[PDB]
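Understanding the architecture of this molecule
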Number of protein chains: 2
Amino acid sequence: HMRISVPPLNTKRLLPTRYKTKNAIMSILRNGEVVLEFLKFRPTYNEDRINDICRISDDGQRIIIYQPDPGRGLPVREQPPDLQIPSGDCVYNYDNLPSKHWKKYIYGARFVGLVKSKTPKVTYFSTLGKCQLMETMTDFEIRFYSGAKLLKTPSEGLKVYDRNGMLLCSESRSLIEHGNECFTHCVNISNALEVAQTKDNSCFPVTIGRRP
Amino acid sequence: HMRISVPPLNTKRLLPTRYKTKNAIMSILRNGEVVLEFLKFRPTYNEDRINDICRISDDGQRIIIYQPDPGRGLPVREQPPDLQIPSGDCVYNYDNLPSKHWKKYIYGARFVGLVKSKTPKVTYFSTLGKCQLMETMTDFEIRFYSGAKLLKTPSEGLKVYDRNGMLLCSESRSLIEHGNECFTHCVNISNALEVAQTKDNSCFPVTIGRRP
């Protein structure tokens, strides 16, 4: 009757990264794996200590959740620890992950979504600039030849800047019109290319045409 | 009952060029126009002289065929003459071009086809190299990371070269297999992208993915 807030995450055309924050270290590895190292400063060591580790496969299906050196934690090295044969207590999959853990998997999904938002899926060179539709399919930016730039998120909204940055008309609603016209073309093509996609071959990321 | 050998030519994503030969000067202009300047050396001027001009629109539909300065001809300048208001004797379109002219239009079509063959439509970065499917849709070349290269035309056939160039097996039929696998992917995508294509927006040329 009750399911988890977010659908299973995925690394598709996502590059290896490592984002550091004040509560966890989130990492995407070459195998496409997601590794979250949650943090708690314990005075016993007088520094930040990994408190829990959450690991998710490259398709959000397989999950490992544990809390190493229970009560002492770990030294933050540059990269997360390597995968050791998991207990099986701490092994779950998406369709069974107990509610008490959902929040962490959610952290991972939010992270992957963020990297999804900063990752180009489609690049269109229009007659006015460089369209770039991200892997989130809801983020979009245009880099006009003139120097104007347009941004679009499903959250912060719209922020068209001219050569100096203005919001406000005449110049704007020309730009905006192009923006959406460009946006339709990029989503339309992502959807068009989903057809030619196989398991062994990839269609994205993709760059289309050039400037004059 | 009888039609012309070739279907109407077209400049799609074709760049401005000028190919020189021993009988004509073929040119593709920015407007997408095709201009053939046929040649005859007349001793009267003791040099090559344009004998006839053939001009074809960017969709092989509209044709202009004439023979300037009848009996004397023209000095070969760097570019063809500009379009003057045509007589209308020398104005035709595809569906009426009289047989006596077909051969020239054919020259133009062959030229445009040649440039079509040297023009990239799709670029795939596979796991083994750089696939490149030309605008002819029958020409294809792979540039493997190793240094092997594969070629394919509908005419001269097949010529797979290794790091030194060999034909002949073991290494070959690995390569060839990839070649066709790559080839299927590129044609499949051109056809997939034909759907997202509009009049105001373009889908080609296109480059897909990167190397590791």
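Residues numbered from 1 in each chain as written, not as in the entry; some residues may be left out. Chains lettered and ligands numbered in written order. Heavy atoms only, no water.

Going by the header, the method for this PDB entry is X-ray crystallography, and the resolution given is 3.233 Å.

This part covers the layout of surface pockets. By volume, the largest pocket amounts to about 1700 Å³. In terms of lining, the largest pocket is formed by 47 residues, of which the most central are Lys12(B), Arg13(B), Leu14(B), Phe204(B) and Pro205(B). Among the elements that take part in the lining of the largest pocket, strand β8 (residues 120–125) of chain B stands out by supplying 3 residues, more than any other. Within the lining of the largest pocket, the residues separate by chemical class into 15 nonpolar, 17 polar and 15 charged. In this structure, the second largest pocket encloses a volume near 1500 Å³. As for the second largest pocket, its lining consists of 42 residues, and the residues nearest its centre are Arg13(A), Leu14(A), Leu15(A), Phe204(A) and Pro205(A). Listing elements by their share of the lining of the second largest pocket, those giving two or more residues are β8 (120–125), β9 (129–134) and β12 (206–208) of chain A together with β8 and α2 (172–193) of chain B. If one sorts the elements of the lining of the second largest pocket by residue count, β8(A) sits on top with 3 residues. Residues belonging to the lining of the second largest pocket are distributed by class as follows: 12 nonpolar, 17 polar and 13 charged. (1 Å grid on protein atoms, 1.4 Å probe; cavity = no way out; pocket = protein on both sides within 12 Å on 5 of 7 lines; lining within 4 Å. Points joined across faces, edges and corners; volume = space filled by probe spheres on them. Helix = DSSP H or I, 4+ residues; strand = E, 2+ residues; numbered from the N terminus. Nonpolar A, V, L, I, M, F, W, Y, C, P; charged D, E, K, R; others polar.)

The subject of this paragraph is the state of the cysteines. Under the defined criterion, the tally for this structure stands at 0 disulfides over all chains. Lacking any disulfide linkage, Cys186(B) is separated from the closest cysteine sulfur, that of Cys131(B), by 4.9 Å. The closest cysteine sulfur to the non-disulfide-bonded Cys203(B) is located on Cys186(A), 9.8 Å from its own sulfur. (Disulfide = S-S within 2.5 Å.)

On to the relation of the copies chain A and chain B. Between chain A and chain B, which share one sequence, the superposing operator has a rotation angle of 180 degrees and an axial displacement of 0.0 Å; the RMSD is 0.0 Å. Viewed as a symmetry operation, the transformation between the two copies matches a two-fold axis. Closest approach to the rotation axis within chain A is made by the C-alpha atom of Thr207(A), at a distance of 2.6 Å. Of the residues that chain A buries at the interface, 100% are likewise interface residues in chain B, meaning the two copies contact each other through the same surface. (Least-squares fit on C-alpha atoms. Contact = heavy atoms within 4.5 Å.)

A few words now on the interface of chain A and chain B. With 18 residues of chain A at the interface, the matching set in chain B holds 18 residues. Three residues, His185(A), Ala196(A) and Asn201(A), lead the burial of chain A against chain B; their summed loss comes to 27% of the area buried on that side. Here chain A is connected to chain B by 0 salt bridges. There are 5 residue pairs in polar contact connecting chain A and chain B. Every element with two or more residues in the side of chain A that touches chain B is listed here: α2 (172–193) and β12 of chain A. With 6 residues, α2(A) is the single largest residue contributor to the side of chain A that touches chain B. Relative to strand β12 (residues 206–208) of chain B, β12(A) runs antiparallel, the two sharing 3 bridges. For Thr207(A), the partnering residue across the bridge sits in β12(B) and is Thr207(B). (Buried area = accessible area lost by both parts, 1.4 Å probe. Salt bridge = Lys/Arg side-chain N within 4 Å of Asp/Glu carboxyl O. Polar contact = N/O pair within 3.5 Å; in protein donor to acceptor, adjacent residues only side chain to side chain. Pairing = 2+ DSSP bridges.)

Let us look at empty space enclosed by the protein. All names here are of chain B. Its volume calculated, the largest cavity comes out at about 40 Å³. What lines the largest cavity is simply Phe140, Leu150, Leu151, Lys152, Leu158, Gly179, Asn180 and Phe183. Sorting the residues of the lining of the largest cavity by element identifies β11 (149–152) and α2 as the ones contributing at least two each. A breakdown of the residues in the lining of the largest cavity according to their chemical character gives 5 nonpolar, 2 polar and 1 charged.

A few words on the domain arrangement of chain A. All names here are of chain A. Along its sequence, chain A is organised into domain 1 (1–119) and domain 2 (120–212). Across the contact, 7 residues belong to domain 1 and 8 residues belong to domain 2. With both sides pooled, the region where domain 1 packs onto domain 2 buries about 650 Å², and carbon together with sulfur makes up 53% of that total. On the domain 1 side of the interface with domain 2, the three residues burying the most area are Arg13, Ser117 and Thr119, jointly 77% of the side's total. Across the domain 1-domain 2 interface, the total number found is 1 salt bridge. (Domains from an automatic or database assignment.)

What follows concerns the sheet that holds β9(A). With mixed pairing, the 10 strands of this open sheet are ordered in space as β11(A)-β10(A)-β9(A)-β8(A)-β12(A)-β12(B)-β8(B)-β9(B)-β10(B)-β11(B). Looking along the sheet, the strands with just one partner apiece sit at the ends: β11 (149–152) of chain A together with β11 of chain B. In this sheet, neighbouring strand axes are inclined to one another by 10 degrees on average, regardless of whether the strands run parallel or antiparallel. Pairing geometry for strand β10 (residues 140–144) of chain A and β11(A), over 4 bridges, is antiparallel. The residue of β11(A) that forms the bridge with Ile142(A) is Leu150(A). With respect to the sheet, α2(A) is in contact with β8, β9, β10, β11 and β12 of chain A, its orientation differing from that of β10(A) by roughly 125 degrees. (Axes fitted to C-alpha atoms, helices over the stretch in contact; angles between N-to-C directions.)

Quick look at the environment of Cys54(B) now. Residues and elements named next belong to chain B. Within the secondary structure, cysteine 54 sits in strand β4 (residues 47–56). Overall, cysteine 54 belongs to the buried group, its relative accessible area being 0%. C-alpha of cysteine 54 to C-alpha of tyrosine 105: the two residues are 51 residues apart in sequence and 7.7 Å apart in space. Sequence-distant contacts of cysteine 54, defined by excluding residues within four places in its chain, comprise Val34, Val35, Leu36, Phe38, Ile63, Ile64, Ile65 and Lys104. (Buried < 20%, exposed > 50% of the residue type's maximum accessible area, 1.4 Å probe, protein only.)

All names here are of chain B. When you line up the elements, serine 27 lands in strand β2 (residues 24–28). Given a relative accessible area of 2%, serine 27 falls into the buried group. Here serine 27 is in contact with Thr17, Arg18, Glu33, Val34, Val35, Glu37, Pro80 and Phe111, once residues within four sequence places are set aside.

With that out of the way, let us pick up helix α1 (residues 99–117) of chain A. With 19 residues, α1(A) extends 27 Å between its outermost C-alpha atoms, agreeing within 8% with the 27 Å of an ideal straight helix rising 1.5 Å per residue. If you check which residues of α1(A) are buried, you get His101(A), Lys104(A), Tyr105(A), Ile106(A), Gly108(A), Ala109(A), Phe111(A), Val112(A), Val115(A) and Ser117(A). (Expected span 1.5 Å × (residues − 1).)

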